[PDB]
Each structure stands twice: as structure tokens, then as C-alpha cells.
Asks: 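One structure coming up, written as C-alpha cells, with questions to follow.
Because only heavy atoms are used, hydrogens play no part in the values below, and waters and symmetry mates are left out as well, while side chains stay in. The residues of the chain are indexed from 1 along the displayed sequence.
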Amino acid sequence: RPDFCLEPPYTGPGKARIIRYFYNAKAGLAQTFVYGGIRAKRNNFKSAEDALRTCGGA
């Protein structure tokens with residue numbers, strides 16, 4: 001699994017409130033979180049399906 005997949009979600013320093021997805025490795029599912037619009041970490045997807053294809057595991 002890529003190393004970032006186990007990291008908590010990162011809103012970042014931006015003031016926007018955009019709904020993104022992170023891989024929740026303990027649930028084994030994607031979850032939404034609020035993203036501030038800049039300086040993303042890599043556990044940050046535009047869709048559940050992208051989160052699972054990247055981080056769901058072989």
C-alpha cells in the first residue's frame with residue numbers, strides 16, 4: 001500500500017472548504033473530509049473510487 005494511505009487527512013492552511021476523500025485504512029473505505037484548497041497531502045482524492053484504486057491494497 002503506498003505509504004501515504006495510512007496518514008490522517010490534511011485540511012491544510014487554506015480557507016476553502018472543499019469536500020475530498022481520504023482512505024481510512026482502519027475502515028478499509030474512503031471517507032470525506034474538508035480540504036482547504038491548497039497544499040494537499042497525497043491521501044486526498046476527488047472520489048471514493050480513486051481513493052480505493054490507489055490505497056485499497058493489492
Asks: Rounded to the nearest 0.5 Å, what's the gap from OH on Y10 to NZ on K41? Could you check?
Replies: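 The OH atom of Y10 sits 5.0 Å away from the NZ atom of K41.
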Asks: What is the distance from atom CD1 of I18 to atom OG1 of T11, rounded to the nearest 0.5 Å?
Replies: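 Separation between the atoms: 11.5 Å.
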Asks: Name every donor-acceptor pair, under 3.5 Å, that has one atom in a side chain of residues 25-35 and the other anywhere in the protein, sequence neighbours excluded.
Replies:
{"unit_1": "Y35", "atom_1": "OH", "unit_2": "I38", "atom_2": "N", "d": "3.1"}
{"unit_1": "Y35", "atom_1": "OH", "unit_2": "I38", "atom_2": "O", "d": "3.4"}
{"unit_1": "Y35", "atom_1": "OH", "unit_2": "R39", "atom_2": "N", "d": "3.4"}
{"unit_1": "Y35", "atom_1": "OH", "unit_2": "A40", "atom_2": "N", "d": "3.2"}

Asks: Sequence neighbours excluded and cut-off under 3.5 Å, please list the side-chain donor-acceptor pairs for residues 46-58, or say none.
Replies:
{"unit_1": "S47", "atom_1": "OG", "unit_2": "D50", "atom_2": "N", "d": "3.0"}
{"unit_1": "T54", "atom_1": "OG1", "unit_2": "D50", "atom_2": "O", "d": "3.2"}

Asks: Ignoring hydrogens and angles, tell me if any N or O in the side chain of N43 forms a donor-acceptor pair with the backbone of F22 under 3.5 Å.
Replies: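 It does not hold such a pair.
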Asks: Can you measure from CZ (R1) to CG (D3) and round to the nearest 0.5 angstrom?
Replies: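 Answer for the CZ-CG pair, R1 versus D3, is 12.5 Å.
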